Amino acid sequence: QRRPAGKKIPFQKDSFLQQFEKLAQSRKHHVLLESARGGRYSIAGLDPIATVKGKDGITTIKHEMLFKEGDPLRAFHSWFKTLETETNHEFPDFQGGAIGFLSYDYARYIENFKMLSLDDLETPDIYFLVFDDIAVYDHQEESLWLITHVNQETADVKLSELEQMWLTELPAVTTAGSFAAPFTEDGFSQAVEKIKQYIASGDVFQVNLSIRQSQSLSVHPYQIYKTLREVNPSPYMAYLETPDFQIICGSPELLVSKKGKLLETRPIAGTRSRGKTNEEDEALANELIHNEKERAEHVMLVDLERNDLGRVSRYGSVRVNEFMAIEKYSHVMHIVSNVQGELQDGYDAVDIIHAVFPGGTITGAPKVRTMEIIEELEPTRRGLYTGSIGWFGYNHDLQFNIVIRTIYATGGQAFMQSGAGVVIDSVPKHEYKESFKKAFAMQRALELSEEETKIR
């Protein structure tokens, strides 16, 4: 009977993140999910027991090498189910399993897509590193959980080996691809005009339209991640490294979580610079909350999320338990809603993803038509952008973010993507400036990291 076994040790955040970095430089495949500013857990994935890669109807699991045709997440889950475990309520939400991503283009197994946009990045549709051995930092308790899988004798030997690896002193740290043209300002602006025609003709109400920027990669991706983490920390940050791509994720948005039968999504209405006093934050938050246009856009997407959770929840169980609540941390304020449902029996991880992915807040309403319009207008596949990073538990819990504020590093480039909610009265130029301003945190992280390596 497979089960997690765990030991909790006192540990400081700085020590965890510093020891992670030094252990990680010897692992060709690794991942960090970090609560940089407002979450509870940071999860270190150093030594995978398996890697799962799904692209264009083929999944490979290297555990041995298994492969299967079809829906990659369905293939993953039929293998992953064999390693399932019972929850140990003493351990963190993540107590072992798969960490990685669903590409936006996993949506091509959920709905019928045309093949119009260029796949120039070659992003996997799904990519998971699977862990029997993990380290989970609890920010609340200042403890490190060391977790391994057994079946009591071999348990504590494995846990004492993990404890030694995390406590042993280590020294201080020390192929050009061919890519398509992103949108021009004119290209973007004409696609805005096309969306407005589709809204006027009743096809859609709102569409997230996005633009990709790229620059030469001259610094190690983990250096870029440390800069983004210092300047724009968020609760759903992630660093993922493989030999062929690296992910630098600064996301503050949850797509979906499952804790037992409880399903949760948290759509963000908008984000704002904090003031200097609480009275100033109240007034600056109220300006977003009291905006009738913004409120109505948000009500539309909350309703979309309810109909999404509705597809796998017990009828009449879907509720909005928080509506345009204020989430403050570091220099930033989020206006955010919380939608909940009770998972109906028979529905699994794959059914939940098909219901909620990709998120309503980075597509539009209604979602299926909106994705057809996005695929028709955008010159490139989104790949990881507005996909989801997260974890599937052996115990059938899960937690996925939305990939925004993210650098995808491949083939000598750093790719940055951002968008804007196009509505019936959108001004093309204003929506183009909005999407360009949203890439500022990534542009700055890259610029700060490069200048940092010039210091001699």
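All residue numbers refer to positions in the sequence shown, first residue = 1.
Residue 64 preceded by how many uncoordinated deposited residues after residue 63 = 1 to 3 residues are missing.
Is there a break between residue 174 and residue 175, and how many deposited residues does it span: none, 1 to 3, 4 to 9, or 10 or more?
-> Some 4 to 9 residues are missing between them.
Which of 219-227 and 326-334 has higher mean CA B factor, as the PDB entry lists it | The recorded data point to 326-334.
Mean CA B-factor: is it higher for 308-316 or for 160-168?
-> Of 160-168 and 308-316, the stretch with the higher C-alpha B-factor average is 160-168.
Would you mind finding, among 191, 150, 384, 110, the residue with the largest C-alpha temperature factor in the entry?
-> Among 191, 150, 384, 110, the PDB entry lists the largest C-alpha B-factor for 150.
Compare the CA B factors listed in the entry for 350, 136, 283, 237 and report the winner.
-> Top of the list by C-alpha B-factor: 283.
CA B-factor placement of residue 76, once the chain's modelled residues are sorted into thirds = It belongs to the lowest third of the chain when residues are ordered by C-alpha B-factor.
Assigned third (lowest, middle, highest) for the C-alpha B factor of residue 47 | It falls in the middle third of the chain.
Residue 274: which third of its chain by C-alpha temperature factor?
-> As the PDB entry reports it, the C-alpha B-factor of residue 274 lands in the highest third of its chain.
Where the record places residue 293 (Cα B-factor, split into thirds across the chain) = It belongs to the highest third of the chain when residues are ordered by C-alpha B-factor.
CA B-factor placement of residue 178, once the chain's modelled residues are sorted into thirds | For residue 178, whose C-alpha B-factor we compare with every modelled residue in the chain, the answer is the highest third.
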